Amino acid sequence: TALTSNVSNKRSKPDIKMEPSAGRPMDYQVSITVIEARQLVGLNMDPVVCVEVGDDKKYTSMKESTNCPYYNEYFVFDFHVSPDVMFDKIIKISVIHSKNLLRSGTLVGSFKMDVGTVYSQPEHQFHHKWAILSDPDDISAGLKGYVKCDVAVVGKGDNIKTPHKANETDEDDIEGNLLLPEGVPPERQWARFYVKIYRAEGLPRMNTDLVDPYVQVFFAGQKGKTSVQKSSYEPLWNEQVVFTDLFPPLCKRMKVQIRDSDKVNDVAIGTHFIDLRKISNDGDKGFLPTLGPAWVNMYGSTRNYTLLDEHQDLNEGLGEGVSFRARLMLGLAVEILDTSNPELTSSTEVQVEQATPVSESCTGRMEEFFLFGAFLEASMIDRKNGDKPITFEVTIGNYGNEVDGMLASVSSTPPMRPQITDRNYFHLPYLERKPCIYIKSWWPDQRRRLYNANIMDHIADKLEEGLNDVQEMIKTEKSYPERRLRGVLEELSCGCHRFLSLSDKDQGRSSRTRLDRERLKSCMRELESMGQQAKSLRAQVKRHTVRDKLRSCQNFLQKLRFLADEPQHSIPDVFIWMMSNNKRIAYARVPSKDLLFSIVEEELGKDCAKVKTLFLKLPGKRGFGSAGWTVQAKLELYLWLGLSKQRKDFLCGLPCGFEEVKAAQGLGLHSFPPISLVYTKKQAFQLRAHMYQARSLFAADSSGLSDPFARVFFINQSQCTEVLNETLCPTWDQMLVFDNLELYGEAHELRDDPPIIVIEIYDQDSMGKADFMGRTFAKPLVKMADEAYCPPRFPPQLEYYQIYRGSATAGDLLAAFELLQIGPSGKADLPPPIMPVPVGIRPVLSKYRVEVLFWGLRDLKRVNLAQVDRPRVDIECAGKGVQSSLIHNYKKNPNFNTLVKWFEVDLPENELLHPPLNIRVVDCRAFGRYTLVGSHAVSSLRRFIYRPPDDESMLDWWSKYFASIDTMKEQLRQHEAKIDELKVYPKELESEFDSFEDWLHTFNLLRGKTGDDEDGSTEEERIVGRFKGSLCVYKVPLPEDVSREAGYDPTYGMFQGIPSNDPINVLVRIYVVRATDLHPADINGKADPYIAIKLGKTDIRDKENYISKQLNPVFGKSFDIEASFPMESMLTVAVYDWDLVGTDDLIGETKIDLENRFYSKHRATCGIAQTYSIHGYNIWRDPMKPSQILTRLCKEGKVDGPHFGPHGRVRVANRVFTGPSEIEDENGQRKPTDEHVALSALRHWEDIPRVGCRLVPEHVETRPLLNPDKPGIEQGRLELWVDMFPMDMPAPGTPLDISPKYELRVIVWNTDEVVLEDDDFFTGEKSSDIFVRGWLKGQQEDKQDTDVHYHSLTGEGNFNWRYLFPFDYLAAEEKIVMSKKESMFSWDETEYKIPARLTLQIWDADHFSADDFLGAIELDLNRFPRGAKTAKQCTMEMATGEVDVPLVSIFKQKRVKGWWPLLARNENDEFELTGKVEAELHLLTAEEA
Ligand SMILES: [Ca+2]
Ligand SMILES: [Ca+2]
Ligand SMILES: [Ca+2]
Ligand SMILES: [Ca+2]
Ligand SMILES: [Ca+2]
Ligand SMILES: [Ca+2]
Ligand SMILES: [Ca+2]
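Just so you know, the sequence shown maps onto residues 241 to 448, 464 to 661, 696 to 1121, 1132 to 1249, 1317 to 1342, 1398 to 1721, 1726 to 1914 in PDB author numbering.
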């Protein structure tokens, strides 16, 4: 096999984000529609479905006296909350019987499932699924029914694919389509959910200052609370709260929080979320959810009491808690109750009882832990803070809270005044005197949980860094990323095999709780499986499938990160605060799992014994948005945590060469921790920040540009590159230098882990503060005084750094940073008042001609509420520019009078280093005041860079469409007789023909400030138009044969053969076929669709020909609409809901652009047919013949042709195509033509060498409909195709028929030889009261009976009786069509199809009972035999399979009279001659009837 890459070629850029997903509220949308319900238990009830999401509920309409109601009612719940509290919001799909405002309704049943279960779906919805309604009152009660519904969760920027909303005619099994996730059994059993609540320790002051705590625990909408331990900082409850809910629970979390029992203003202290998935596994391999008895750590607001607490929401767990509040002993046990046992009390009510007490030894030995801190630097402090001195306080648990009051331990650095770095930032002058802290704490000795989780996160971090390396190597396009992913999977397999030896060495301890046995075995099983799952993915991954298998590796990473989270906390997280003369400012959080010390590296924490760069941020809501862009502090702390009996080597991670200054209590004790360090090893370093060019920056000015300049932060110094004016892609070309910086430590320690550089990009304004486009972080290429400035690592080439303005990306930044150590010879050891970046670091430039096809401008919006009059497009690239011609009037002709004009500009040699090209439209008035109208920047030019080459009379259009749709279904089946077809396309026509942008690319135009997440706007409020055109970027011109593709005209450029620019009148001919899965637009759950079409200035609607009460309509209409291209090009085909009173409501609309369809070489104006004909349903609809089609494409293609020998062959270019020679019309004679073979040539037009293209066939495109009222959701699927024909060719013919019926008359004359039933009273032989029963479609509507011929002794009867059967017919398929309801619960009319056979039966009439069956015959209307002249001529061959009796179709003969037999089974189960009948079959049309 191919080898593996085992080194890191990339990932020097740190992906630090100041605004993670936690805590940020983002607009969530849940949408729920109850379709129907079935089998609901009750007697003459009136069900109304009540759907609640959290704190509010919304009912349906009341249905009368049915156990199977139908609603189809849509509900929209919008909530602007955080994702974690959105996922914990519960849905409460219920059914209420007889709901009214006077008396409370009686609940039939209910069902519960939170939002996060719905969001865990592969496309975040459940489709047409049936919710079992259990009984929340009785656990012994049975199933109370099912409720079909759709539950969908869609967020901001999320788009949803909607499946087919099939009706109940396509019958569905309930038990195979339930509203459950995968793996849960349908008969979910009851289970007691105990939570055992023992004791809390370390509560803060809350009254002024005492605490009166209790615990309130929420689960699945239920709650229970414990007693109140008044005036106790360390309360003892010893109470357990028992729930009773369905297992496994679909609300997969628990809230456990402490609350003050204030008499007026009771409020939380801290909240822990028991994530119920982490403590359980399903199936017989899994185990029941259990936790504890072990402590848990809870976080909230600051412990210092504020009356108007701005962080009160953090006490309730709504964000990332900023300080340690309390620690609570917790437990959980799940026991399945056997509901069939009658002695157990059947209430589901939450109860509180006294728990079984446990000692404190069961949670672990109370060992004492040591945390050591060292503040090496404190830079980038906000200027608004440092008018007073700043301290830093480190607090873990209650330890470190010496200032508030709740070995003499020290927790605060000494106060000092900050020194000014620049206009935005301070820095503390620590220099060589680093302040330090040391704390002593007492925690349980559950280090094994954190050690196993450290091994898990070590494997996960190696895997994630490897996947980021593979992604970056694919993005950079390095050599063979397949080898790199194979090496990553090898390292993942080695890590998974490494866990099996490291997490199993200390199983004999008595502190080993119940959960960390089952969970430990669970992750042993998971990593044991992953140990060869990674090796199978190693054999499966190759070069062509690396992107697909990276998703499987991401699944592996997500599973590993699921495994690494430890639900049983032992040590709380360590908090680092900053206070300005004790007033709290900013905070940070380090997990104590990452600071724990152990002797082998994988179970060692990743942040232990090393200096980590840590950015403080404002607490809570202040850290989001505009208030917290500026960094509150950039620290680099040293932190160590572990046993005090493991304190032998906790200084060795620090930079070397420091004197250790200890306090007065440690004089003479060499093992005493230091109060401060004083460094003595001064090392000198110099940062040259080579920057070339930022790109795609945020727009922070009203003109839509910015004035960018970058502040560079390193240690304690700051410098700026110069301000460039009105550009979002600056070329600064400026190297900054920080000279004679003083680092501390030894040289080789910072080589492989260098310090950080913060690069904040600012928008210079006229006065006051500069605006902010974000920041990026960097790690430099550090060289020493002795190593050579040599290849491959030196000189540093530039790389892109991703800038983030908080959450959203806001540009890239081309830079290379280097730390050069000033050595023994001074600066002479370093190879080299604004300086440019030096050679070898800047990209080498070769000249490129940029040729722009200035086609036109569409949909231009107002500038200063005035319409665009004279637009001119300036295009800029790397400083050079070309100016287009002026549009003289945008209203009449929005196009330029000169096609191609070009300009020369040096560009980088490799295409990855290219700047974005800057198109820009301005309003060019007199006297040079060119205000901006729009601009588009974000593009890559490798898309545009040229590189040189090397009965049959009843057939209709619907028969064609159904033949094509079964061809499409069989093509789906193979991938997962004489009727010609067409290519049905199941998507938009754009996605199979690259939006018809083969030469006419479309660029979207923007103007203005880029909107904020709350106070800003979408990109639809920033679009000011669209520029249609093209680009062609190439080097010094190629040799003569390649240069002949441009050499005819410099005003044409390389766009030789582009069609002309003059406006042309054209007719649009829209055919609408049908629509599927429409959204309910009325209160009845359905709508009244009709077509509404807009194109430029013309609006045509068909509200007089609406379709009533249908969600799957068949339109069958054609629309000949006049348009003037290019002004009237924007078509929007829409469906509208007819309303009897008030106003019509929009159903949906789709955007379809017809300029790209007009001007493409794919010919989307008219699809070519698969076969030629001049008559019938397969008529050629295009006015100009296939010979004209290929002469058009031959002169437009610069290709010789056509050439004709005989009519059966056509030669175009170097290839010869064949086909049939003759054409038939309706009269029946033959005549030769060339159009068949010509059409065969366009069907194979891709075989042409130079301008080979995929011409579209005749087709049924299907566009998804979108609604501005509910964007991002697929409203429906509308089938249509568009034809276009210009007016200066000859006009098209009449539009084709695409628009979406008889009566049989039967006369029964006589009977003979019929079997007999009733014994004679006088003579004793049998007899029959013969009468005839007949129906065509069914006995529901077509049941008709004759008079009774009483007392027949041989079968002879005389009736002369008439039936009538009206019906609809499909002559192509021999199917009778009727319209009827599906069931009693339906509220629509549905079309069905049956075989076209008439049923005739003979019966015996009784005056005291039901009729008795005698015989029957089923007669096909196209194949029933001719009747015999007499009764005795009728034999067995008239009903059996013998061919001796001729067969007659009633649609050709129209009247057949004679005799027929009838058959029924006797006692020997064989069919015999049970009777005969004389009949007459007659046919009339619907017009004759
Ligand atoms: Ca109180
Ligand atoms: Ca500004
Ligand atoms: Ca500005
Ligand atoms: Ca309506
Ligand atoms: Ca309506
Ligand atoms: Ca009878
Ligand atoms: Ca009878």
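C-beta: ideal position from N, C-alpha, C; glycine also.
Put simply, of 550, 311, 353 the residue whose alpha carbon is nearest the alpha carbon of residue 1503 is 311.
Shown here, residue 1577 sits in a helix according to DSSP, grouped into three states. A residue is listed when its beta-carbon falls short of 7 Å from at least one non-hydrogen atom of ligand 1; in chain order these are 446, 447, 465, 466, 467, 515, 516, 517.
By the Cβ-count criterion, residue 1072 is buried, with 16 or more other Cβ atoms from all chains shown falling within 10 Å of its own Cβ.
The beta carbons of residue 1491 and residue 1231 sit no closer together than 8 Å. Beta-bridge partners of residue 1543 (DSSP): 1488. Taking 3 residues as the shortest admissible run, the segment 793-875 contains the following complete beta strand (DSSP E) segments, listed from N- to C-terminal end: 863-869.
Under the three-pair Cβ rule at 8 Å, the segment 535-555 does not count as touching the segment 473-482. Three or more beta-carbon pairs separated by less than 8 Å link the segment 1504-1519 to the segment 307-326, which places the two stretches in contact. The beta carbons of residue 1011 and residue 1133 sit closer together than 8 Å. DSSP links residue 1009 through a beta bridge to 1000. Residue 327 and residue 534 have their C-alpha atoms some 18 Å from each other. Here DSSP, grouped into helix, strand and coil, assigns residue 320 to strand. Between residue 1142 and residue 632, the alpha-carbon positions lie close to 36 Å from each other.
For residue 926, the closest C-alpha among the options 647, 1721, 502 is that of 647. Burial is judged here by how many other beta carbons sit within 10 angstroms of a residue's own beta carbon; residue 355 has at least 16 and is buried. Cβ contact annotation for residue 1909 (same chain, cutoff 7 Å, sequence separation greater than five): 1727, 1728, 1730, in chain order. In this structure, ligand 3 has a non-hydrogen atom nearer than 7 Å to the beta-carbon of residue 996. Residues of the same chain with a CB within less than 8 Å of the CB of residue 1633, apart from the 5 flanking positions on each side, are 1611, 1615, 1620, 1621, 1622, 1623, 1624, 1662, 1669 in chain order.
In chain order, the residues positioned with their C-beta nearer than 5 Å to some heavy atom of ligand 5 are 1503, 1509, 1558, 1560. The beta carbon of residue 1572 sits closer than 7 Å to the beta carbons of 1553 from its chain, once the five residues preceding and following it are set aside; these are given in chain order.
Assignment of residue 1023 by DSSP, reduced to helix, strand and coil, places it in the strand class. DSSP places residue 1326 in the helix class (H, G or I) of the three-state scheme. Partner residues in the beta bridge of residue 1651, as assigned by DSSP, are 1645. Remark: the shortest separation between the CB of residue 512 and any heavy atom of ligand 3 does not fall under 7 Å. With respect to residue 1538, residue 1509 sits apart: the two C-beta atoms are not nearer than 8 Å. Classified as buried, residue 862 has 16 or more neighbouring CB atoms from the shown chains inside 10 Å of its CB.
Residue 714 sits away from residue 762, with the two beta carbons spaced by 8 Å or more. Closest in C-alpha terms to residue 242, from the list 1584, 720, 771, comes 771. Judged by DSSP in its simplified three-state form, residue 1212 adopts helix. Note that the C-beta distance between residue 333 and residue 288 is not below 8 Å. Distance from the Cα of residue 431 is smallest, within the candidate group 498, 408, 1039, 419, for 498. Put simply, of 578, 548, 552 the residue whose alpha carbon is nearest the alpha carbon of residue 560 is 578. For residue 910, the three-state secondary structure derived from DSSP is helix. At least one heavy atom of ligand 3 lies closer than 7 Å to the C-beta of residue 1053. The three-state reading of DSSP puts residue 467 in coil, since its state is none of H, G, I, E or B.
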